[PDB]
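Student: The structure's right below; bear with me while I get my questions together.
Please note: Cβ atoms are built from the backbone with ideal geometry, for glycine as well, and neighbour counts cover all protein chains shown. Please treat every number below as a calculation from the coordinates, not as lab data.
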Amino acid sequence: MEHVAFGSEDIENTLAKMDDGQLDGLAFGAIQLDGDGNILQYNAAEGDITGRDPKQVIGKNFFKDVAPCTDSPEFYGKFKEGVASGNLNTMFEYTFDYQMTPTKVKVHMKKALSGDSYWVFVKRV
Ligand SMILES: *C(=O)/C=C\c1ccc(O)cc1
């Protein structure tokens with residue numbers, strides 16, 4: 001080793017976020033999902049690295065293989081009424097870390113406009 005390595009994650013989410021490069025999208029963030037809860041962030045506007053996968057979360061259900069905090073059906077009972085209604089629009093909590101570099105975000109989910117889905121921003125706090 002010397003100055004050529006990495007790990008897995010060292011930010012807060014992915015491409016659609018606060019500020020680190022910024023790209024075409026919304027004005028908050030997004031991870032996007034599908035019917036069962038499969039991440040869709042993999043075909044709309046790639047980040048910026050050019051070498052391999054966008055991240056690794058691809059194909060992994062945000063349900064229990066990406067988020068080491070969501071320990072329930074999905075969010076907190078806000079994806080069974082917002083999905084059936086056809087106008088998801090709810091906020092609560094979700095965090096992102098609790099041992100490395102903690103935080104105190106406030107999540108703002110909605111029935112996506114970037115490509116038909118049920119995203120989960122993170123908001124600016
Ligand atoms: C997600 O992490 C939600 C809650 C929670 C509560 C206590 C501790 O220690 C970690 C996480």
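Student: Using a 7 Å offset from the Cα along the Cα-to-Cβ direction at both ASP65 and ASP48, what is the distance between the two label points in nm, to one decimal?
Tutor: 3.1 nm
Student: Show me 101-112, 47-58 ranked by packing, highest mean number of other Cβ atoms within 10 Å first.
Tutor: 101-112, 47-58
Student: Can you tell which of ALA67, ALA16, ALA27 shows the greatest fluctuation in a Gaussian network model of the chain with Cα springs below 10 Å?
Tutor: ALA27
Student: What pairs in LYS78/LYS111; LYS80/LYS104; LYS17/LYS104; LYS55/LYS106; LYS80/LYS111 have C-alpha atoms more than 20 Å from each other? Intermediate values should be presented prior to the final figure.
Tutor: Working: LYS78/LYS111 11 Å; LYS80/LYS104 26 Å; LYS17/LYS104 15 Å; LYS55/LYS106 23 Å; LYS80/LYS111 12 Å.
The answer is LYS80/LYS104; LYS55/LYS106.
Student: Right, another one. Please return the longest range in the chain lying between exposed loop sites, taking GluC sites (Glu not before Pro), DSSP loop only, at most 11 other beta-carbon atoms within 10 Å, and leaving the sites out.
Tutor: Formally, the longest exposed-site-free interval is 3-80.
Student: While we're here: Calculate for the chain the 222 nm mean residue ellipticity that helices alone would give, adding -39,500 (n - 2.57) per DSSP H run of length 4 or more and normalising by residue count, nearest 500 deg cm²/dmol.
Tutor: -500 deg cm²/dmol
Student: Further, regarding this structure: Over the chain, calculate the relative contact order: mean separation of alpha carbon pairs under 8 Å at least 6 apart, over the residue count, as a percent.
Tutor: Values: 175 pairs, mean separation 30.0, N = 125.
Taking the mean separation of contacting Cα pairs over the length of the chain, I get 24 percent.
Student: Local charge sum around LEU88 (other residues, Cβ-Cβ under 9 Å, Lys/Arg +1, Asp/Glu -1)? Could you put the intermediate results ahead of the total?
Tutor: Values: positive: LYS78, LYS110, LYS111; negative: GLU81.
Around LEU88, the charge tally is +2.
Student: Residues of segment 71-91 with the amide nitrogen closer than 12 Å to a label point 7 Å from the Cα of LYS123, along Cα-to-Cβ, please.
Tutor: Label zone hits: 90-91.
Student: Taking the Cα-to-Cβ direction at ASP36 and at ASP24 and moving 7 Å from each Cα, how far apart do the two end points lie in nm?
Tutor: Distance between label points: 3.1 nm.
Student: Also: Going by how many other beta carbons lie within 10 Å of each one, how would you line up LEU88, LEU15, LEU113, fewest first?
Tutor: Arranged by neighbour count, lowest to highest, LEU88, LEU15, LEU113 become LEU113, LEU88, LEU15.
Student: Something else about it: Please report, in debye to the nearest 20, how large the charge dipole of the chain is about its Cα centre when each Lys and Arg carries +1 at its beta carbon and each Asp and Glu carries -1 there.
Tutor: So the dipole magnitude of the chain works out to roughly 520 debye.
Student: Placing one identical point scatterer on every Cα of the chain and ignoring solvent, what is log10 I(q)/I(0) from the Debye formula at q = 0.12, 0.17, 0.18 Å⁻¹?
Tutor: So the normalised log intensities work out to -0.46, -0.93, -1.05.
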